[PDB]
Protein chains: 2
Amino acid sequence: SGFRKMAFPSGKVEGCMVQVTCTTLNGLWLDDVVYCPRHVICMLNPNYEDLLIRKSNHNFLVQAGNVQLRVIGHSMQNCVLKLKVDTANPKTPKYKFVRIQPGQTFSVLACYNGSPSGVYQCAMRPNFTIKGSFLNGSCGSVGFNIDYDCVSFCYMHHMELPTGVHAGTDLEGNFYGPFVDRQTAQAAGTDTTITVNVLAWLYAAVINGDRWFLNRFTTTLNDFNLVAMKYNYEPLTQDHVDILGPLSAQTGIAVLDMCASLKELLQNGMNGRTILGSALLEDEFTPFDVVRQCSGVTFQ
Amino acid sequence: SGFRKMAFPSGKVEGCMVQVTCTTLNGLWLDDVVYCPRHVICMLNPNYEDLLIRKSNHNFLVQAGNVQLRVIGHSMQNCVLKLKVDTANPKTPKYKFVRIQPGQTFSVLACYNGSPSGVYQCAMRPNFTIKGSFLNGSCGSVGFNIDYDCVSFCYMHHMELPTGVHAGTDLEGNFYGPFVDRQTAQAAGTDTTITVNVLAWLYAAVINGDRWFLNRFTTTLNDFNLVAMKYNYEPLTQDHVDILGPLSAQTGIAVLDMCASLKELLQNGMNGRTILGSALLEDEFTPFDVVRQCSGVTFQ
Ligand SMILES: *[C@H](O)[C@H](C[C@@H]1CCNC1=O)NC(=O)[C@H](CC1CCCCC1)NC(=O)[C@@H](NC(=O)OCc1ccccc1)[C@@H](C)OC(C)(C)C
Ligand SMILES: *[C@H](O)[C@H](C[C@@H]1CCNC1=O)NC(=O)[C@H](CC1CCCCC1)NC(=O)[C@@H](NC(=O)OCc1ccccc1)[C@@H](C)OC(C)(C)C
């Protein structure tokens with residue numbers, strides 16, 4: 001028992017990280033292609049089209065530890081640069097490129113100089129930013145889930161916005177949110193709490209023996225949303241009630257009974273008490289994350 | 001910028017994990033030896049001495065993915081079993097065996113069936129437990145730090161105590177705390193807050209722009225301890241003031257001024273406000289952890 005913010009093991013992604021110099025940042029070496037942010041080639045308003053067809057293959061140096069990989073092509077796709085290289089990565093995992101939704105979680109492998117430095121669990125926020133830990137040289141760090149032996153790549157790091165929050169692309173080079181890879185003043189809007197994830201984490205607490213917040217009440221979905229939206233929580237949808245069904249059956253607690261417990265917690269506060277050792281209601285675990293951590297792991 | 005509970009990248013430890021069956025749990029394959037909990041051979045009060053010299057090498061099966069490693073010797077050291085095998089692990093990292101102190105942090109790679117399932121950051125608690133996430137079959141999961149290219153192994157998982165907290169050994173098979181590998185009623189005592197780590201994390205907050213808790217006051221070490229010990233914080237020692245020196249110089253905030261800010265926070269509470277997005281003062285980052293995350297990572 002116990003519940004922790006757990007990342008995926010990072011070894012499959014570590015063997016894909018390389019350095020790209022044109023600026024220095026990180027690239028993802030899969031098959032015979034290295035993917036990295038196009039901004040490696042720049043700043044207030046660049047035209048990447050020009051700067052790209054203007055480079056040769058010898059104007060990108062790609063380092064896989066000490067080994068120079070020879071660039072034999074360069075293409076752009078959206079905000080991602082693809083460098084074709086002479087050698088297929090012998091440590092290419094089975095992988096997919098996925099675009100995630102706000103509320104979904106993933107692991108970040110933060111890299112510098114093509115070298116892994118740390119791993120942590122993030123969520124795509126409703127305002128399409130992530131609250132990461134990234135410094136100068138982290139661009140090209142990736143986000144991923146593992147499903148069986150399969151790495152699902154969902155995020156590539158491009159920029160920090162004011163207020164210490166992070167923006168980036170899917171691996172097809174498409175930004176999450178309405179941000180652009182230019183050094184004009186952008187800002188993420190006000191964020192929202194991920195209601196479904198908070199309920200998932202209240203179920204994890206009950207599975208782990210932490211029951212004090214349960215009450216004898218029930219609520220309707222509309223009465224629940226009437227309270228939650230006052231505290232800047234996303235409205236709970238029928239589809240969110242449905243994906244909580246498995247955690248509901250496992251625990252014997254109806255989703256709308258857990259809603260009633262969460263309603264009381266928002267209106268009365270915690271009274272200095274904690275849940276799974278937190279004084280705030282956590283929103284960075286999905287229903288799937290709870291089930292993986294509480295049972296799914298034993299089948300590894 | 002940004003500050004997250006960051007684990008070390010786990011790839012170097014993933015290539016050392018194997019399954020051991022005699023009971024099934026995890027082993028650590030370094031050089032020609034597999035290390036795992038001796039309790040793999042059991043329950044209320046076993047004598048391991050007997051059960052050990054009573055097994056042959058064919059009574060331990062060691063699986064490295066699909067590959068059977070042949071056992072050619074078995075020795076016991078404290079609460080750890082060492083299985084000598086015919087083959088040196090070709091993915092043995094540069095490594096040390098270290099015993100950590102209460103207050104120090106490490107990464108856990110939680111494994112099932114010899115296969116990695118997740119990574120998270122833990123601290124050795126003053127009561128010599130860890131607050132982990134471990135289920136049936138997790139024994140033999142390890143804790144580690146990385147220093148340069150060098151894995152420092154500090155923890156092997158053996159048991160869960162009541163209240164959902166975890167106990168284990170160093171890699172010489174020596175328990176952290178006064179626990180034994182027998183199924184007699186044991187309990188960890190009341191725990192303590194790691195004062196030095198809370199100050200380290202208040203420095204991380206200031207580095208990351210979160211300044212609202214700073215005040216104009218100072219305190220002596222004795223007046224600070226007089227308050228902190230009322231809130232079940234460890235007394236701050238001169239040695240703890242010394243190891244905060246670098247974070248002090250970087251930020252221009254004197255350690256005893258940060259003590260005065262922490263004093264006010266303990267007596268007045270946060271007023272529902274947060275620091276680095278937490279409503280509790282966090283104690284699971286050391287001074288070193290702060291410096292690694294805020295700058296040290298760029299030199300990877
Ligand atoms: C990749 O290594 C880095 C990662 C950054 C470094 C600091 N923290 C990170 O996550 N990426 C950058 O440094 C990028 C690079 C530019 C991106 C587009 C064009 C090519 C260069 N820059 C930033 O991330 C800046 N963000 C930004 O410019 O946002 C728009 C903006 C401009 C002016 C006012 C407000 C907003 C960062 C470095 O700037 C701030 C810290 C001021 C947000
Ligand atoms: C290794 O795979 C597992 C890991 C456990 C599984 C559940 N969570 C974990 O972290 N280890 C165990 O299952 C061990 C194995 C025994 C250890 C010593 C002798 C050989 C078998 N058992 C436990 O971890 C139990 N803890 C325990 O027995 O503590 C002493 C005790 C006894 C009676 C009352 C109070 C305390 C767990 C499974 O028991 C409790 C969950 C009741 C604490």
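Just follow the structure's listing: the first ligand is 1, and inside any ligand the first atom is 1. All values below come from the heavy atoms of this structure, side chains included, with hydrogens, waters and symmetry mates left out. Chain letters run A, B, ... following the sequence lines, proteins first and then strands; every chain starts at 1.
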Sequence-distant partners of B:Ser117, side chain to side chain donor-acceptor pair (under 3.5 Å), two or more places apart: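 So B:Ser117 forms no side chain to side chain donor-acceptor pair (under 3.5 Å) with any residue.
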N/O donor-acceptor pairs under 3.5 Å from side chains in residues 40-48 of chain B, not counting sequence neighbours:
unit_1	atom_1	unit_2	atom_2	d
B:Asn47	OD1	B:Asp50	N	2.8
B:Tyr48	OH	B:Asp181	O	2.5

Near-ring test A:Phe175/A:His158, centroid separation under 6.0 angstrom: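 Ring centroids of A:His158 and A:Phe175 are less than 6.0 Å from each other.
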Within the 4.0 Å heavy-atom sphere of ligand 1, strictly under, residues: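 For ligand 1, the residues that come within the 4.0 Å heavy-atom cutoff are A:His39, A:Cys42, A:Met43, A:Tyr48, A:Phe134, A:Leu135, A:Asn136, A:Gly137, A:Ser138, A:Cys139, A:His157, A:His158, A:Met159, A:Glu160, A:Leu161, A:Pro162, A:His166, A:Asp181, A:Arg182, A:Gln183, A:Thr184, A:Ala185, A:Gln186.
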Set of salt bridge (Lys or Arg N to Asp or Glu O under 4.0 Å) partners for B:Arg99, sequence neighbours left out: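 Listed in chain order: B:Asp170.
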Point-to-point distance, once rounded to the nearest 0.5 Å, from CD of B:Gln293 to CZ of B:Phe285: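 One finds 6.0 Å between CD of B:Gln293 and CZ of B:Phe285.
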Close side-chain approach of A:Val119 and B:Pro9, heavy atoms under 4.5 Å: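 Of all side-chain heavy-atom pairs linking B:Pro9 with A:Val119, none is under 4.5 Å.
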